[PDB]
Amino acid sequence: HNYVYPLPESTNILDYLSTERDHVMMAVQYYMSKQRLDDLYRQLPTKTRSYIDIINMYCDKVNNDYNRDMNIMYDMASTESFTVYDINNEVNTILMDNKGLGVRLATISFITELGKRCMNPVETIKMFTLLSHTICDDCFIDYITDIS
């Protein structure tokens, strides 16, 4: 229990569960995260839950209909190291001169995929938080509140 090195300013899960420490840490972190996430959903208004239902429906469809494409894009990305700001900037440039619903649902599905592949909890939630802002531009919220 000496000092702690501060946080910065392969995607096979089993490469992170070799030791008993890894297993128990995985259990503790999942406990904390599941507890928070259940408690969050429990408090979400009826309105937010309906937006979740909508996004569940559309993006689950994209995930299954374009599974091959999600994997392809993941490979295109992980061919070289890239930051969260890189993918965010890219997504931003597209949504600027592309006001369709599809590209936004596709982006949510893709970023979600990167989330599943990422093994760094902090960088993952950073990505989710940052990209969710970028995806939910005025064009997107208009699509969602009209389908609701």
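Numbering starts at 1 and follows the sequence shown.
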* Asked: Taking residue 9 and residue 10 as adjacent modelled residues, how many residues of the deposited sequence between them have no coordinates (none, 1 to 3, 4 to 9, 10 or more)?
  -> 4 to 9
* Please work out which of 82 to 90 and 112 to 120 has the higher mean CA B-factor as recorded in the PDB entry. => 82 to 90
* Which of the two stretches, 92 to 100 or 57 to 65, shows the higher mean Cα temperature factor in the record? -> 92 to 100
* When you compare the CA B-factors of 24, 13, 130, 136 as listed in the entry, which one comes out on top? -> 13
* Structure fact -> residue 107: CA temperature factor from the record, placed by chain third, in the lowest
* Structure fact -> Chain-relative C-alpha B factor for residue 48 (record values, thirds): the middle
